Amino acid sequence: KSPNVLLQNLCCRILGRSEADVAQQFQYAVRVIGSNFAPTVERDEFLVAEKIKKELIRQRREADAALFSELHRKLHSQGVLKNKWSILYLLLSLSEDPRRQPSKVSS
Amino acid sequence: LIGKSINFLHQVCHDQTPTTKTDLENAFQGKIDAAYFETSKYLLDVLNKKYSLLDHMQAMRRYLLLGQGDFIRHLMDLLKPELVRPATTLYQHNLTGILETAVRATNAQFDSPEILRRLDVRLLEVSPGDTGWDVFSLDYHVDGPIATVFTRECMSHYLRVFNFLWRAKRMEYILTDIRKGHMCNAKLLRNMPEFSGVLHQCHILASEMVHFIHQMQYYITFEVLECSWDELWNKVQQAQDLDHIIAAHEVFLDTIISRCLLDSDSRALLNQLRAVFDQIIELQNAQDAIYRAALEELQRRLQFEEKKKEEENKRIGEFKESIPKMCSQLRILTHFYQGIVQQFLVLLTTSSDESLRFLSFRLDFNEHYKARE
Amino acid sequence: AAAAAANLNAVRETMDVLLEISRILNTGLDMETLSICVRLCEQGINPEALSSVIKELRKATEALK
């Protein structure tokens with residue numbers, strides 16, 4: 001796929017609105033992605049792994065801070081990806097407070 | 001231990017002193033025992049006095065185990081509005097800067113300078129959604145040859161303990177804020193006797209929480225922070241090798257963290273204690289909503305009568321229907337609370353019960369609990 | 001083949017571990033939105049861009065709808 005129409009697919013997954021109903025949301029997506037069209041940011045995924053472990057200690061669940069460490073190893077173990085840093089940076093930035101996480105299935 | 005101790009005395013402590021000088025007709029034993037006593041005791045003498053290990057262990061309790069009181073209450077009284085706002089706006093240097101002048105304002109300014117330089121505000125990190133109360137612990141760093149005695153791994157477990165008690169002092173002064181609302185608002189609520197029923201309904205849940213929390217404070221006072229400190233003090237006076245200091249102080253740590261609800265099995269009890277920690281601040285929002293609504297009508301009724309010097313009969317209509325809805329809301333709050341606290345006591349069953357019995361004894365009195373009220 | 005289904009396995013595993021990572025960091029993104037974002041970062045794209053967009057698009061259906 002081309003990235004520009006991929007933005008409009010993303011807008012119809014997040015919002016229930018169709019891609020012909022609105023064009024303003026897609027225009028804002030074009031506003032931010034355009035003139036940032038190429039990757040120029042740098043990754044330091046070592047520091048961000050060390051920052052997820054401090055967060056999982058902060059929950060005061062310490063067995064799960066080391067379970068994430070072995071699940072974080074597996075992304076390098078397969079290694080079919082582009083950057084391991086990018087999706088993890090996205091998923092860290094959108095965080096809300098589970099207050100201490102009153103459950104986790106642990107797969 | 002002998003060769004290691006004299007090397008350690010030279011290299012880190014920077015004191016140069018030669019002091020020291022049938023198996024083999026038992027040749028080893030006498031000089032070994034003498035050397036043992038003299039070198040280890042001399043090392044402890046230079047650490048106890050010159051680098052002031054004595055005051056440092058004293059202030060470890062005062063700051064990281066929150067065993068000063070004055071300092072914390074002053075800290076929380078001034079640092080409520082910043083910390084309640086999220087950590088995205090918080091910046092550590094402001095907190096460090098306000099702290100020093102705050103220590104000078106109250107009585108912690110007669111302390112030795114050593115403990116005053118170790119303290120600084122320690123952030124954890126900034127991630128969106130956390131309140132600033134969540135990322136706030138004092139650092140209390142320590143350097144020197146004493147740093148071998150007090151490890152970083154020691155302070156980590158101390159920070160966890162700090163987190164538990166830090167909650168159990170914030171929430172306590174929030175309960176004091178509840179009581180402050182009750183006392184300093186009912187004294188001007190002597191105009192109308194229509195409030196007395198629902199006011200009593202607020203008062204009883206306040207008192208129910210006070211019976212839990214003020215006892216829980218006494219429990220932490222006399223059986224978590226005093227018995228271990230007694231044992232620690234005697235194990236320090238008994239010391240004649242530095243390994244005794246280390247291997248006793250770690251027991252001091254490892255019994256605080258088990259008297260507090262931070263183990264693998266006591267996590268569920270902490271989880272249910274979190275519900276109490278939720279309901280107290282929920283009661284804070286329950287109370288002010290009653291006052292902020294009830295007081296308004298009286299002021300505008302006074303201004304309506306000064307106009308005349310049937311419109312205010314229509315405010316009585318909204319009042320007469322709002323008092324049941326507010327009342328029933330507080331009732332389901334109390335019922336929720338009742339079920340949770342009785343579930344707390346009934347969850348306590350024997351698998352070790354060596355400090356949970358001792359809290360329940362003091363929490364349960366008049367035998368209103370497990371008489372089903 | 002075998003290495004062509006093992007390549008199809010190696011995305012399906014990673015999408016399953018990332019699904020655990022998505023709930024423990026508490027985002028509002030589910031698996032369906034996650035698959036689009038993982039394709040975008042498979043090509044390579046600023047996550048700093050994507051974060052600001054999704055902070056607005058999620059804010060575009062809880063106060064504008």
# chains A, B, ... in the order shown; residues from 1 in each chain; ligands from 1
>>> residues_around(residues="residue 55 in chain C", least_positions_apart="6", cutoff="12 Å", atoms="only C-alpha atoms", output="PDB file with N, CA and C atoms, in the first residue's frame")
ATOM      1  N   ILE A  14     -10.190   3.810  13.623  1.00  0.00           N
ATOM      2  CA  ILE A  14     -10.265   4.469  14.932  1.00  0.00           C
ATOM      3  C   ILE A  14     -11.636   5.091  15.143  1.00  0.00           C
ATOM      4  N   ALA A  29      -4.238  14.177   9.248  1.00  0.00           N
ATOM      5  CA  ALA A  29      -3.253  13.108   9.088  1.00  0.00           C
ATOM      6  C   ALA A  29      -2.245  13.417   7.987  1.00  0.00           C
ATOM      7  N   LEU A  90       5.618   4.153  20.255  1.00  0.00           N
ATOM      8  CA  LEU A  90       4.207   4.477  20.083  1.00  0.00           C
ATOM      9  C   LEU A  90       3.364   3.970  21.250  1.00  0.00           C
ATOM     10  N   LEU A  91       3.600   2.726  21.662  1.00  0.00           N
ATOM     11  CA  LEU A  91       2.806   2.108  22.713  1.00  0.00           C
ATOM     12  C   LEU A  91       3.166   2.639  24.096  1.00  0.00           C
ATOM     13  N   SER A  93       4.058   5.881  24.526  1.00  0.00           N
ATOM     14  CA  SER A  93       3.646   7.280  24.564  1.00  0.00           C
ATOM     15  C   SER A  93       2.162   7.434  24.863  1.00  0.00           C
ATOM     16  N   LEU A  94       1.363   6.440  24.508  1.00  0.00           N
ATOM     17  CA  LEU A  94      -0.081   6.500  24.663  1.00  0.00           C
ATOM     18  C   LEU A  94      -0.560   5.937  25.976  1.00  0.00           C
ATOM     19  N   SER A  95       0.306   5.890  26.974  1.00  0.00           N
ATOM     20  CA  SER A  95       0.001   5.167  28.193  1.00  0.00           C
ATOM     21  C   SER A  95      -1.041   5.897  29.027  1.00  0.00           C
ATOM     22  N   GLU A  96      -1.905   5.116  29.662  1.00  0.00           N
ATOM     23  CA  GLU A  96      -2.757   5.590  30.735  1.00  0.00           C
ATOM     24  C   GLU A  96      -2.371   4.831  31.996  1.00  0.00           C
TER      25      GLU A  96
ATOM     26  N   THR C  27      -2.756   1.113  26.498  1.00  0.00           N
ATOM     27  CA  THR C  27      -3.203   1.989  25.432  1.00  0.00           C
ATOM     28  C   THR C  27      -4.661   1.696  25.089  1.00  0.00           C
ATOM     29  N   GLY C  28      -5.248   2.555  24.263  1.00  0.00           N
ATOM     30  CA  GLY C  28      -6.619   2.346  23.831  1.00  0.00           C
ATOM     31  C   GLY C  28      -6.698   1.614  22.510  1.00  0.00           C
ATOM     32  N   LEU C  29      -5.531   1.314  21.963  1.00  0.00           N
ATOM     33  CA  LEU C  29      -5.404   0.586  20.713  1.00  0.00           C
ATOM     34  C   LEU C  29      -5.663  -0.906  20.913  1.00  0.00           C
ATOM     35  N   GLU C  48       6.795   9.513  16.776  1.00  0.00           N
ATOM     36  CA  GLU C  48       6.414  10.815  17.299  1.00  0.00           C
ATOM     37  C   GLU C  48       5.317  11.464  16.477  1.00  0.00           C
ATOM     38  N   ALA C  49       5.263  11.185  15.176  1.00  0.00           N
ATOM     39  CA  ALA C  49       4.132  11.642  14.390  1.00  0.00           C
ATOM     40  C   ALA C  49       2.885  10.877  14.780  1.00  0.00           C
ATOM     41  N   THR C  61     -13.310  11.479  18.700  1.00  0.00           N
ATOM     42  CA  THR C  61     -14.536  10.697  18.796  1.00  0.00           C
ATOM     43  C   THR C  61     -15.062  10.620  20.225  1.00  0.00           C
ATOM     44  N   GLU C  62     -14.459  11.324  21.186  1.00  0.00           N
ATOM     45  CA  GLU C  62     -15.003  11.397  22.537  1.00  0.00           C
ATOM     46  C   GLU C  62     -15.443  12.812  22.897  1.00  0.00           C
TER      47      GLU C  62
END
>>> select_by_dssp(residues="range 98-240 of chain B", states="alpha helix (DSSP H)", output="NGL selection string")
:B and (98-105 or 113-118 or 152-186 or 196-219 or 227-237)
>>> interface_residues(of="chain A", to="chain C", cutoff="9 Å", atoms="only C-alpha atoms", output="short mmCIF file (atom, residue, chain, number, x, y, z; two decimals) with N, CA, C and O atoms, in the first residue's frame")
data_model
loop_
_atom_site.label_atom_id
_atom_site.label_comp_id
_atom_site.auth_asym_id
_atom_site.auth_seq_id
_atom_site.Cartn_x
_atom_site.Cartn_y
_atom_site.Cartn_z
N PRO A 3 1.42 4.99 1.63
CA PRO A 3 1.13 5.47 2.99
C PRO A 3 -0.03 6.45 3.10
O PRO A 3 -0.70 6.48 4.14
N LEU A 6 -3.25 4.72 3.37
CA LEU A 6 -3.18 3.96 4.62
C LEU A 6 -3.59 4.81 5.82
O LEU A 6 -4.21 4.28 6.75
N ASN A 9 -7.33 4.64 5.87
CA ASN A 9 -7.78 3.37 6.45
C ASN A 9 -7.71 3.40 7.97
O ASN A 9 -8.61 2.90 8.67
N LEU A 10 -6.64 3.99 8.50
CA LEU A 10 -6.46 4.13 9.94
C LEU A 10 -7.57 4.97 10.56
O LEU A 10 -8.15 4.61 11.60
N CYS A 11 -7.93 6.07 9.88
CA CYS A 11 -9.01 6.94 10.36
C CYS A 11 -10.38 6.25 10.38
O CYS A 11 -11.23 6.63 11.19
N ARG A 13 -10.67 2.94 10.94
CA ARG A 13 -10.67 1.99 12.05
C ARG A 13 -10.88 2.69 13.39
O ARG A 13 -11.64 2.20 14.23
N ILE A 14 -10.19 3.81 13.62
CA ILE A 14 -10.26 4.47 14.93
C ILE A 14 -11.64 5.09 15.14
O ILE A 14 -12.30 4.86 16.16
N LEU A 15 -12.07 5.89 14.19
CA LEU A 15 -13.40 6.48 14.24
C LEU A 15 -14.34 5.62 13.41
O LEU A 15 -13.94 5.09 12.37
N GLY A 16 -15.59 5.52 13.85
CA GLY A 16 -16.60 4.78 13.08
C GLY A 16 -17.00 5.46 11.78
O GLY A 16 -17.74 4.86 10.99
N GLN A 25 -10.32 15.02 9.11
CA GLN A 25 -9.45 14.16 9.91
C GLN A 25 -8.33 13.59 9.06
O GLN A 25 -7.16 13.57 9.48
N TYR A 28 -5.89 16.30 8.51
CA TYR A 28 -4.94 16.49 9.60
C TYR A 28 -3.87 15.42 9.59
O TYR A 28 -2.70 15.73 9.85
N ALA A 29 -4.24 14.18 9.25
CA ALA A 29 -3.25 13.11 9.09
C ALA A 29 -2.25 13.42 7.99
O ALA A 29 -1.04 13.20 8.17
N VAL A 32 0.24 16.21 9.35
CA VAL A 32 1.36 15.80 10.21
C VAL A 32 2.33 14.88 9.47
O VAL A 32 3.55 15.04 9.59
N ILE A 33 1.81 13.90 8.71
CA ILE A 33 2.69 12.92 8.07
C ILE A 33 3.49 13.58 6.95
O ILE A 33 4.69 13.33 6.78
N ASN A 36 7.11 15.29 7.09
CA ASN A 36 7.79 14.37 7.99
C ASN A 36 7.80 13.02 7.30
O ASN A 36 7.90 11.98 7.95
N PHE A 37 7.68 13.06 5.96
CA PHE A 37 7.29 11.90 5.16
C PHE A 37 8.32 10.78 5.24
O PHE A 37 7.96 9.60 5.26
N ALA A 38 9.60 11.12 5.29
CA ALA A 38 10.72 10.21 5.43
C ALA A 38 11.08 10.02 6.90
O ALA A 38 10.87 10.92 7.72
N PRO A 39 11.61 8.85 7.28
CA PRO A 39 12.10 8.68 8.66
C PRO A 39 13.37 9.48 8.88
O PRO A 39 14.34 9.36 8.13
N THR A 40 13.35 10.31 9.92
CA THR A 40 14.52 11.07 10.32
C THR A 40 14.84 10.93 11.79
O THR A 40 15.91 11.38 12.22
N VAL A 41 13.96 10.33 12.59
CA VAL A 41 14.19 10.18 14.01
C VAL A 41 15.19 9.05 14.26
O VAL A 41 15.37 8.14 13.44
N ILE A 52 11.02 0.79 30.50
CA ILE A 52 9.85 -0.04 30.78
C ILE A 52 10.06 -0.91 32.02
O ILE A 52 9.10 -1.14 32.78
N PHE A 68 8.37 -9.48 31.26
CA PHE A 68 8.49 -8.60 30.11
C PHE A 68 9.89 -8.63 29.53
O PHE A 68 10.08 -8.44 28.33
N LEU A 71 10.00 -11.48 27.32
CA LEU A 71 9.18 -11.24 26.14
C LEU A 71 9.77 -10.17 25.23
O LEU A 71 9.50 -10.16 24.02
N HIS A 72 10.58 -9.28 25.79
CA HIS A 72 11.29 -8.26 25.03
C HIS A 72 12.50 -8.84 24.31
O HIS A 72 12.89 -8.33 23.26
N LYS A 74 12.38 -11.72 22.85
CA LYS A 74 11.88 -12.53 21.74
C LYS A 74 11.75 -11.72 20.46
O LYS A 74 11.87 -12.28 19.35
N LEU A 75 11.54 -10.41 20.58
CA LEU A 75 11.44 -9.54 19.41
C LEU A 75 12.78 -9.45 18.68
O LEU A 75 12.82 -9.43 17.44
N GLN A 78 13.47 -13.21 17.02
CA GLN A 78 12.95 -13.47 15.68
C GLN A 78 13.62 -12.55 14.65
O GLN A 78 14.27 -13.03 13.72
N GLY A 79 13.47 -11.24 14.82
CA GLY A 79 14.24 -10.29 14.02
C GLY A 79 13.81 -10.14 12.58
O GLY A 79 14.66 -9.97 11.69
N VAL A 80 12.50 -10.20 12.32
CA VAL A 80 11.98 -10.04 10.96
C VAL A 80 11.44 -8.62 10.80
O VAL A 80 10.86 -8.29 9.76
N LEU A 81 11.64 -7.79 11.81
CA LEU A 81 11.01 -6.48 11.88
C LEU A 81 11.90 -5.41 11.24
O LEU A 81 13.00 -5.69 10.75
N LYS A 82 11.42 -4.17 11.25
CA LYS A 82 12.20 -3.05 10.73
C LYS A 82 12.98 -2.39 11.85
O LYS A 82 14.21 -2.47 11.90
N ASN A 83 12.26 -1.80 12.79
CA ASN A 83 12.81 -1.29 14.04
C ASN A 83 11.97 -1.85 15.17
O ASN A 83 10.73 -1.79 15.12
N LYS A 84 12.62 -2.37 16.19
CA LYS A 84 11.89 -2.78 17.38
C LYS A 84 11.48 -1.57 18.21
O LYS A 84 10.52 -1.64 18.99
N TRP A 85 12.15 -0.45 17.99
CA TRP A 85 11.97 0.74 18.80
C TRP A 85 10.64 1.44 18.52
O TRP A 85 10.06 2.03 19.43
N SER A 86 10.16 1.38 17.27
CA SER A 86 9.14 2.31 16.81
C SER A 86 7.77 2.01 17.41
O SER A 86 7.12 2.91 17.99
N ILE A 87 7.30 0.77 17.28
CA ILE A 87 6.00 0.39 17.83
C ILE A 87 6.02 0.46 19.35
O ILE A 87 5.00 0.79 19.98
N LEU A 88 7.18 0.22 19.96
CA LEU A 88 7.27 0.30 21.41
C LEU A 88 7.25 1.74 21.89
O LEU A 88 6.67 2.03 22.93
N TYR A 89 7.84 2.66 21.11
CA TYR A 89 7.75 4.08 21.43
C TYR A 89 6.32 4.59 21.30
O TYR A 89 5.85 5.37 22.15
N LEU A 90 5.62 4.15 20.26
CA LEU A 90 4.21 4.48 20.08
C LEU A 90 3.36 3.97 21.25
O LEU A 90 2.54 4.71 21.80
N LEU A 91 3.60 2.73 21.66
CA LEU A 91 2.81 2.11 22.71
C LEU A 91 3.17 2.64 24.10
O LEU A 91 2.33 2.60 25.00
N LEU A 92 4.39 3.14 24.28
CA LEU A 92 4.70 3.77 25.56
C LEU A 92 4.08 5.15 25.65
O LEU A 92 3.62 5.56 26.72
N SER A 93 4.06 5.88 24.53
CA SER A 93 3.65 7.28 24.56
C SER A 93 2.16 7.43 24.86
O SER A 93 1.74 8.44 25.44
N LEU A 94 1.36 6.44 24.51
CA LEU A 94 -0.08 6.50 24.66
C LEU A 94 -0.56 5.94 25.98
O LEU A 94 -1.71 5.50 26.06
N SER A 95 0.31 5.89 26.97
CA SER A 95 0.00 5.17 28.19
C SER A 95 -1.04 5.90 29.03
O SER A 95 -1.08 7.13 29.08
N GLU A 96 -1.90 5.12 29.66
CA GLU A 96 -2.76 5.59 30.74
C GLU A 96 -2.37 4.83 32.00
O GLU A 96 -1.63 3.85 31.95
N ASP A 97 -2.87 5.30 33.13
CA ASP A 97 -2.50 4.73 34.41
C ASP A 97 -3.45 3.59 34.77
O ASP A 97 -4.63 3.86 35.05
N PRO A 98 -3.00 2.34 34.81
CA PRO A 98 -3.85 1.24 35.32
C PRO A 98 -3.90 1.18 36.84
O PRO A 98 -4.46 0.23 37.40
N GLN A 101 -2.24 -1.99 37.91
CA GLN A 101 -2.68 -3.20 37.20
C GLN A 101 -3.29 -4.30 38.08
O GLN A 101 -2.59 -5.19 38.56
N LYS A 104 -3.29 -9.36 35.28
CA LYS A 104 -2.63 -9.63 34.01
C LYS A 104 -2.67 -11.13 33.77
O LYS A 104 -2.36 -11.91 34.67
N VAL A 105 -3.06 -11.53 32.55
CA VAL A 105 -3.24 -12.95 32.25
C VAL A 105 -1.91 -13.69 32.15
O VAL A 105 -1.83 -14.89 32.44
N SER A 106 -0.86 -12.98 31.69
CA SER A 106 0.49 -13.48 31.43
C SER A 106 0.47 -14.61 30.40
O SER A 106 1.21 -15.59 30.55
N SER A 107 -0.35 -14.44 29.36
CA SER A 107 -0.55 -15.40 28.26
C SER A 107 -0.92 -16.80 28.75
O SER A 107 -0.40 -17.81 28.28
#
>>> closest_atom_pairs(of="chain B", to="chain A", cutoff="9 Å", atoms="only C-alpha atoms", output="CSV")
residue,atom,partner,partner_atom,distance
B:124,CA,A:54,CA,7.9
B:125,CA,A:55,CA,8.1
B:127,CA,A:95,CA,7.3
B:128,CA,A:95,CA,6.0
B:129,CA,A:97,CA,4.9
B:130,CA,A:97,CA,6.0
B:134,CA,A:58,CA,8.6
B:135,CA,A:58,CA,8.7
B:160,CA,A:60,CA,7.6
B:262,CA,A:60,CA,8.3
B:271,CA,A:102,CA,7.9
>>> write_last_selection(atoms="N, CA and C atoms", output="JSON list (two decimals), in the first residue's frame")
[["chain", "number", "residue", "atom", "x", "y", "z"],
["B", 124, "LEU", "N", 11.30, 9.33, 39.77],
["B", 124, "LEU", "CA", 11.39, 8.00, 39.19],
["B", 124, "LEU", "C", 11.47, 8.07, 37.68],
["B", 125, "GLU", "N", 10.44, 8.64, 37.04],
["B", 125, "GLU", "CA", 10.37, 8.97, 35.62],
["B", 125, "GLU", "C", 9.05, 9.70, 35.41],
["B", 127, "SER", "N", 5.89, 9.44, 33.02],
["B", 127, "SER", "CA", 5.05, 8.76, 32.07],
["B", 127, "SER", "C", 3.63, 9.27, 32.23],
["B", 128, "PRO", "N", 2.89, 9.45, 31.14],
["B", 128, "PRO", "CA", 1.58, 10.10, 31.21],
["B", 128, "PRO", "C", 0.55, 9.30, 32.00],
["B", 129, "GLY", "N", -0.22, 10.00, 32.83],
["B", 129, "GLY", "CA", -1.28, 9.40, 33.62],
["B", 129, "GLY", "C", -1.00, 9.31, 35.10],
["B", 130, "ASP", "N", 0.26, 9.31, 35.51],
["B", 130, "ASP", "CA", 0.59, 9.18, 36.92],
["B", 130, "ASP", "C", 0.47, 10.53, 37.61],
["B", 134, "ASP", "N", 2.74, 9.64, 42.91],
["B", 134, "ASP", "CA", 3.26, 8.33, 42.51],
["B", 134, "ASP", "C", 4.75, 8.38, 42.21],
["B", 135, "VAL", "N", 5.24, 9.46, 41.62],
["B", 135, "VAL", "CA", 6.68, 9.52, 41.40],
["B", 135, "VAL", "C", 7.28, 10.58, 42.31],
["B", 160, "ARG", "N", 10.35, 0.98, 48.35],
["B", 160, "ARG", "CA", 9.05, 0.29, 48.37],
["B", 160, "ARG", "C", 8.30, 0.52, 49.69],
["B", 262, "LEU", "N", 4.03, -6.31, 51.70],
["B", 262, "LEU", "CA", 4.77, -6.24, 50.45],
["B", 262, "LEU", "C", 5.35, -7.58, 50.04],
["B", 271, "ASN", "N", -4.02, -5.19, 48.10],
["B", 271, "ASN", "CA", -5.02, -4.90, 47.07],
["B", 271, "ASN", "C", -6.33, -4.47, 47.69]]
>>> residues_around(residues="residue 281 in chain B", least_positions_apart="2", cutoff="12 Å", atoms="only C-alpha atoms", output="list in words")
residues 167, 170, 171, 172, 173, 174, 175, 176, 177, 178, 206, 209, 274, 275, 276, 277, 278, 279, 283, 284, 285, 286, 287 and 288 of chain B
>>> write_last_selection(atoms="N, CA and C atoms", output="compact mmCIF listing (two decimals), in the first residue's frame")
# COMPACT_ATOMS: atom_id res chain seq x y z
N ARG B 167 1.80 6.60 51.10
CA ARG B 167 0.36 6.53 50.93
C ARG B 167 -0.36 6.60 52.27
N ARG B 170 -0.26 10.37 53.44
CA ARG B 170 -1.09 11.23 52.61
C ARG B 170 -2.56 11.00 52.89
N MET B 171 -2.99 9.74 52.82
CA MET B 171 -4.39 9.41 53.02
C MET B 171 -4.85 9.74 54.44
N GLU B 172 -3.95 9.63 55.41
CA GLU B 172 -4.30 9.97 56.78
C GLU B 172 -4.56 11.46 56.92
N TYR B 173 -3.73 12.29 56.30
CA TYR B 173 -4.06 13.70 56.41
C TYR B 173 -5.22 14.10 55.50
N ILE B 174 -5.55 13.28 54.51
CA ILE B 174 -6.81 13.47 53.79
C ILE B 174 -7.99 13.13 54.70
N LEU B 175 -7.84 12.13 55.56
CA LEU B 175 -8.87 11.85 56.56
C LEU B 175 -8.98 13.00 57.55
N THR B 176 -7.85 13.60 57.88
CA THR B 176 -7.86 14.79 58.71
C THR B 176 -8.53 15.95 57.99
N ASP B 177 -8.42 15.98 56.67
CA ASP B 177 -9.14 16.97 55.88
C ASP B 177 -10.64 16.72 55.92
N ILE B 178 -11.05 15.45 55.92
CA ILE B 178 -12.46 15.08 56.10
C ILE B 178 -12.97 15.59 57.43
N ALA B 206 -17.05 8.73 58.55
CA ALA B 206 -15.80 9.33 59.01
C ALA B 206 -15.25 8.60 60.23
N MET B 209 -13.93 5.11 59.57
CA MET B 209 -12.60 5.10 58.98
C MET B 209 -11.53 5.48 59.99
N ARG B 274 -6.07 -1.08 49.13
CA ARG B 274 -6.18 -0.05 48.10
C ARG B 274 -7.61 0.43 47.95
N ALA B 275 -8.58 -0.45 48.20
CA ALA B 275 -9.98 -0.04 48.12
C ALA B 275 -10.33 0.93 49.23
N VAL B 276 -9.75 0.73 50.42
CA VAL B 276 -9.92 1.70 51.50
C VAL B 276 -9.28 3.02 51.12
N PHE B 277 -8.09 2.94 50.51
CA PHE B 277 -7.38 4.12 50.02
C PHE B 277 -8.15 4.83 48.91
N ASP B 278 -9.01 4.11 48.20
CA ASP B 278 -9.89 4.72 47.22
C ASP B 278 -11.08 5.38 47.89
N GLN B 279 -11.69 4.70 48.85
CA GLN B 279 -12.92 5.21 49.42
C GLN B 279 -12.71 6.46 50.25
N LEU B 283 -14.77 9.75 49.56
CA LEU B 283 -15.53 10.46 50.58
C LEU B 283 -15.21 11.94 50.60
N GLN B 284 -13.98 12.30 50.23
CA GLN B 284 -13.64 13.72 50.06
C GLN B 284 -14.50 14.39 49.00
N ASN B 285 -14.80 13.69 47.92
CA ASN B 285 -15.69 14.25 46.91
C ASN B 285 -17.15 14.13 47.28
N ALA B 286 -17.47 13.19 48.16
CA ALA B 286 -18.84 13.09 48.63
C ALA B 286 -19.20 14.28 49.52
N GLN B 287 -18.26 14.73 50.35
CA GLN B 287 -18.55 15.72 51.38
C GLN B 287 -18.73 17.12 50.80
N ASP B 288 -17.77 17.55 49.97
CA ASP B 288 -17.76 18.92 49.47
C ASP B 288 -18.93 19.18 48.55
>>> atom_distance(atom1="CA of residue 39 in chain B", atom2="CA of residue 20 in chain B")
6.9 Å
>>> residues_around(residues="range 224-238 of chain B", least_positions_apart="3", cutoff="9 Å", atoms="only C-alpha atoms", output="VMD selection string")
chain B and resid 61 65 67 219 to 221 244 to 245 248 to 249 251 to 253 255 to 256 259 to 260
>>> write_last_selection(atoms="N, CA, C and O atoms", output="compact mmCIF listing (two decimals), in the first residue's frame")
# COMPACT_ATOMS: atom_id res chain seq x y z
N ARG B 61 16.17 5.74 59.61
CA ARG B 61 14.84 5.58 60.16
C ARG B 61 14.03 6.87 60.05
O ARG B 61 12.83 6.83 59.75
N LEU B 65 12.08 5.66 56.61
CA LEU B 65 11.01 4.98 57.31
C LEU B 65 10.02 5.97 57.89
O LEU B 65 9.15 5.57 58.68
N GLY B 67 10.17 8.35 60.06
CA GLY B 67 10.16 8.34 61.51
C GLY B 67 10.68 9.62 62.11
O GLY B 67 11.45 9.61 63.07
N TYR B 219 -0.25 0.66 65.23
CA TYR B 219 0.35 -0.62 64.92
C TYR B 219 1.71 -0.46 64.26
O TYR B 219 2.70 -1.08 64.68
N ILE B 220 1.78 0.42 63.25
CA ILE B 220 3.04 0.73 62.60
C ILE B 220 4.01 1.40 63.57
O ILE B 220 5.23 1.18 63.50
N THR B 221 3.48 2.20 64.50
CA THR B 221 4.31 2.90 65.47
C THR B 221 5.04 1.94 66.39
O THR B 221 6.28 1.95 66.47
N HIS B 244 28.81 -8.45 61.28
CA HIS B 244 27.68 -8.43 62.19
C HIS B 244 26.74 -7.26 61.92
O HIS B 244 25.52 -7.47 61.90
N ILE B 245 27.30 -6.08 61.66
CA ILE B 245 26.52 -4.91 61.27
C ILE B 245 25.73 -5.18 60.00
O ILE B 245 24.51 -4.95 59.96
N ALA B 248 23.11 -8.14 60.35
CA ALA B 248 22.00 -7.81 61.23
C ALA B 248 21.10 -6.73 60.65
O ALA B 248 19.86 -6.79 60.80
N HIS B 249 21.70 -5.74 59.98
CA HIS B 249 20.93 -4.67 59.39
C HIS B 249 20.05 -5.17 58.25
O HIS B 249 18.94 -4.66 58.02
N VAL B 251 18.62 -8.03 58.30
CA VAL B 251 17.48 -8.64 58.96
C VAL B 251 16.50 -7.58 59.41
O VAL B 251 15.28 -7.79 59.38
N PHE B 252 17.02 -6.42 59.84
CA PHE B 252 16.17 -5.27 60.15
C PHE B 252 15.32 -4.88 58.94
O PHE B 252 14.09 -4.75 59.04
N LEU B 253 15.95 -4.80 57.76
CA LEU B 253 15.22 -4.52 56.52
C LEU B 253 14.20 -5.62 56.21
O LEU B 253 13.02 -5.33 55.95
N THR B 255 12.77 -7.77 57.99
CA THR B 255 11.60 -7.90 58.84
C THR B 255 10.66 -6.72 58.73
O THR B 255 9.46 -6.89 58.97
N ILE B 256 11.14 -5.53 58.33
CA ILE B 256 10.18 -4.46 58.07
C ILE B 256 9.34 -4.79 56.85
O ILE B 256 8.10 -4.67 56.88
N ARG B 259 6.74 -7.28 57.89
CA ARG B 259 5.69 -6.71 58.72
C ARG B 259 4.79 -5.79 57.91
O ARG B 259 3.62 -5.61 58.26
N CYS B 260 5.31 -5.20 56.85
CA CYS B 260 4.48 -4.46 55.93
C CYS B 260 4.04 -5.38 54.79
O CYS B 260 4.65 -6.41 54.51
>>> residues_around(residues="residue 142 in chain B", least_positions_apart="3", cutoff="10 Å", atoms="only C-alpha atoms", output="number ranges by chain")
B: 56, 114-115, 117-119, 139, 145-152, 155
